[PDB]
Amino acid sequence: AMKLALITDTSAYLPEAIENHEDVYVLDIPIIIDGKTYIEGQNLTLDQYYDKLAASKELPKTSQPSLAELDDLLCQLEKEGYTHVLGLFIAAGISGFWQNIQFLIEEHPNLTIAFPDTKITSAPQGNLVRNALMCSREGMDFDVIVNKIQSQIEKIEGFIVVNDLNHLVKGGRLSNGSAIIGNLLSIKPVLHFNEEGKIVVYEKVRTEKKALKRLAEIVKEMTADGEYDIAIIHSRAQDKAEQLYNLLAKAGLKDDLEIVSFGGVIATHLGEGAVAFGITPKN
């Protein structure tokens, strides 16, 4: 008789149906401005965020969610009667949170716990949570769910075109960024997540027009092997997303296509004006 909890962080973009689910727990990710404002939804709205972004002369940072909060949540779940836990957090390659939480599995021996590296964030992450839920709701064993999710983690893809690369380079989530930045400044590169879940340059594309067109072509390639939920995601780049939406509408892919926003967590590392897509296998 499994009672399974789902833990994630606020970088995951959660489907509408899964939002307020009673087995879903969401850890907060702090943003650090001048030390000024800190947690979206408590202490900082998205509009205040962008206002604070424009006005600072230093870049914002983020920090890992609290190890102590996870620790205390795990203990709370154990006494709330949960038997298994699946933790689906932000990519290991863009935050050491995944590596940092691993010891916690040994510290709570009264639960069966899996923290697989999602290698993604935003909407694919949220889709994983949702997927694991329907799997649970389908009577599937913990190892099998974990299994299905790991193989799903393998088909997920995340491609990005940013407006300005400083956020990615100086924030440090673009790999080898300070060595390659001089080459990318005059152009509009297409970026993606690695096999290790790192952000690397997929392709040098010279113009923004061709960049977006190239994104639509990439979606068509990536989704050729099955049925995918597709998300266009932007940080105040409405027009770039509607454009890509139309490119994908034309290509025949309108049906599982949704436009969603980034929060301050990812805006911090991507900058404003960013556009991306993420795909996730259908459950």
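A residue's number is simply how far along the shown sequence it sits, counting from 1.
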Mean C-alpha B factor from the entry: is it higher for 50 to 58 or for 233 to 241? 50 to 58
Out of 36 to 44 and 243 to 251, which stretch has the higher average CA B-factor listed in the record? 36 to 44
Please pick out which of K119, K155, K170, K148 has the largest Cα B-factor as recorded in the entry. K170
Modelled-residue ranking by C-alpha temperature factor, third containing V26: middle
Could you look up the Cα B-factor of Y82 in the entry and say which third of the chain it sits in: lowest, middle or highest? lowest
For the chain shown, is the CA B-factor of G93 in the lowest, middle or highest third of its modelled residues? middle
Relative to the other modelled residues of the same chain, rank the CA B-factor of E217 and answer lowest, middle or highest third. middle
How does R137 rank on Cα B-factor within its chain, lowest, middle or highest third? highest
